[PDB]
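First, one chain by itself: the form deposited in one PDB entry, in structure tokens.
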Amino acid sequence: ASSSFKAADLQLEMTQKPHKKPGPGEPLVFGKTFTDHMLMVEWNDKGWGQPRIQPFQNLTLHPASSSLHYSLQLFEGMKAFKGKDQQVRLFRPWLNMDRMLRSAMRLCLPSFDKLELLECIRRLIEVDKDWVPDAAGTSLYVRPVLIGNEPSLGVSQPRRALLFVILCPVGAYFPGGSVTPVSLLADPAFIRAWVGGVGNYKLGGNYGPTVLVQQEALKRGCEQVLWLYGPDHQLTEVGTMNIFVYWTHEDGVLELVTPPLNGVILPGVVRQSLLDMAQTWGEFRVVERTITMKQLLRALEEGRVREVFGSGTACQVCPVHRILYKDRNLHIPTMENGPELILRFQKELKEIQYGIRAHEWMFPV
């Protein structure tokens, strides 16, 4: 018993003022450059309306829209890569569709068919193929969004909603192969999410309270925030990335560990891919288990820690070299291990994402 919204029904309108691309690899600050078209689907009493694809344009919302009063909003983030030159592929889009639908049900927003949305996104990206860069480490960021849109102040299940997708060409997250480490502020006073909360869904509500904390991290000399949880001070996620630790655990076994999906952390697509990939190799233990600051401190001085990094769509595998804890700067030996594992993960993903290696994880055009 559930909705619809079909891809066979798209309508099409092309831009009369096709904006001009970034040119050489120089500008494009992430998220501030948009392509010529966008996807838009409306839902109401008559259910889902028809998809289509229109020129990039402003939204028109009633002043009481629940999307602005009660944060009835959720989003996704995924990437399209252009490799064999002009051939464009989406990395594991199905997982983002699965996650988006779960976020929708948590916020009582309308359900939709994951494959139809994926096909409309495919159609949209097709129209803006030329916006997809092909220089090393660049890609096209895809931002689907679903918002409640009830022109009513009652806190309740909306009877109207809007789904849209916009695209941004992105530069190489790292200047040029320059994989550079980041420093993290790890302060227990800051709490991103709670057990029983909504940290495991991609809801706008989870992000707004982090702006002030990120500003604090900069003022204290760090680049991102390492979110801690519990009296235990466990490591949950870093910034907008899941966190991984490669070290010789306390029982002498070499392992790659990452916090488990206990409800407080976001099930990252890159996170799942690194786990899958490492399990496949079978060269060392790969496990999902709780990581505490106390365990990290001990391992660091017995020189048991090899590499620590974050994973996410923006920055696939991100080295960490320093963590400021309790006034405490902890040097993380990641780079002196020449991010061997980090480097290996990056290479495999590049080969897969840019079509060098055929793989089911990729979705065509």
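Shifts are known only where both forms have a C-alpha. Rigid core: the largest C-alpha set superposing within 1.5 Å between the two forms. All residue numbers refer to positions in the sequence shown, first residue = 1.
- Set 7-15 against 345-353 and average the Cα temperature factors; 7-15 ends up higher.
- Across the two stretches, 315-323 and 65-73, the PDB entry reports the greater mean Cα temperature factor for 315-323.
- Highest CA B-factor among 289, 143, 220, 89, as stated in the entry: 220.
- For residue 137, the recorded CA temperature factor ranks within the highest third of the chain's modelled residues.
- Among the modelled residues of the chain, residue 164 sits in the lowest third by CA temperature factor in this PDB entry.
- In this PDB entry, the Cα temperature factor of residue 171 sits in the top third of its chain's modelled residues, the highest group.
- In the PDB entry, a CA B factor belonging to the lowest third of its chain's modelled residues is recorded for residue 309.
- Sorting the modelled residues of the chain by their CA temperature factor places residue 215 in the middle third.
Another form, the form deposited in another entry, is not on view; read the next lines as being about it.
- Among the candidates 172, 198, 277, 254, the CA atom that moves 2 angstroms or more between the shown form and the other one after core superposition belongs to 172 alone.
- Core-superposed comparison between the shown form and the other one: CA of residue 26 displaced by 2 Å or more.
- Taking residues common to both forms and aligning the rigid core, Cα displacements of 2 Å or more over three or more consecutive positions between the shown form and the other one occur in 1-3, 23-26, 172-177.
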